[PDB]
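Okay, structure first, notes after.
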Amino acid sequence: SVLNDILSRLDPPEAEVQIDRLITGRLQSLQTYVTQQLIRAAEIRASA
Amino acid sequence: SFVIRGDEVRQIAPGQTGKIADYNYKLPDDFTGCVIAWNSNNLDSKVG
């Protein structure tokens, strides 16, 4: 789960693949967050 | 053009790590091209 350990332990050639997995997940998570965020905001707006 | 040792060939590839890859010649991760190796036993090897 830590970026530094991947860099520390693994050579970049191997690390690049590993970090990439981590990247897609968080980016996906933020994507879920914003999407989730937009909808609620809309709910608020109608209320507003 | 290289003289590289036999076992070493695996090293001449985009990701590899080792003495040849680190110290002598390094490919970029992004490398685009082929690596053509063939043992030239007759050309460069002597009894001494």
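Identifiers in this document derive from the order of the structure tokens: chains are assigned A, B, ..., residues are numbered from 1 separately in each chain, and ligands are numbered from 1 in order of occurrence.
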When the cut-off is 12 Å and we count only C-alpha atoms, which residues of chain A are near chain B, given as a ChimeraX atom specification? /A:10-17
Residue nearest residue 33 of chain B - candidates B:21, B:47, B:13, B:3, atoms counted: only C-alpha atoms: B:13
Quick one: pick out all helix (DSSP H, G or I) residues within segment 6-35 of chain B from a backbone DSSP run and write them as a PyMOL selection string. chain B and resi 7-11+19-24
